[PDB]
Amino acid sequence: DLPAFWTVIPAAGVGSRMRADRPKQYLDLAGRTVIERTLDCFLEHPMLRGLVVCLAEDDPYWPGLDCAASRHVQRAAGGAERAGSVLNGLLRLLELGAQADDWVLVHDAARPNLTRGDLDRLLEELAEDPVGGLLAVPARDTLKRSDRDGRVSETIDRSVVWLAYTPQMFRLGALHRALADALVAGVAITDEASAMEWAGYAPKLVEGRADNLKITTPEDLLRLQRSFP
């Protein structure tokens, strides 16, 4: 009994001009764009109520993709920052019949290697949580704290340190209020969990796979080019 959920993929900030240095979400990953493979991670899930991609209105790459003509993929307008784009995605879900108590998953457009196991694991562990949570991976590299002169002040106990991944799973109404209030407050919002944390909540960490990586350099594609199929 996995819970029903909506999905928001923030994918705005793309200029109106096509560039040789393409946005990472439109790079080729074994014959398909990154973002097309990212949507593949959700679109077939039986509990998906609907998916919204947040895009710049003048995105020049999106209208060429198959998913741009799919009724299973809704569209929302990008914001001034990622939080505002996520916010617009929430508003789009509200037009599509979403309820304040419905679960929403926000996921990076450049994380195309999300396995069904991780997705279902996140869904089952948080289904009856009062706030929600996020996929995350234990820190494996040795972590040093820097003093003001650039010298090691301490080696951080990485046994309690987790790298924050996506999807991040929260209730629609609460995430809507956290994001909206944190924006007007001037909070430096990174991910959705950072907004819930500012609003006073403690998101649950759900352990995922480390190879659910975000494509931040074209070099990161090379790690994934043998991961499909």
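Throughout, we count residues from 1 along the sequence that is shown.
Taking the deposited Cα B-factors for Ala83, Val106, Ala100, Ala110, the highest one is held by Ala100. In this PDB entry, the Cα temperature factor of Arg158 sits in the top third of its chain's modelled residues, the highest group. In this PDB entry, the Cα temperature factor of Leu205 sits in the middle third of its chain's modelled residues. Ranked by Cα temperature factor within the chain, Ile215 sits in the lowest third according to the deposited record. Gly64: CA B factor lies in the middle third for its chain, per the PDB record. Remark: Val14 belongs to the middle third of its chain, ranked by C-alpha B-factor as recorded.
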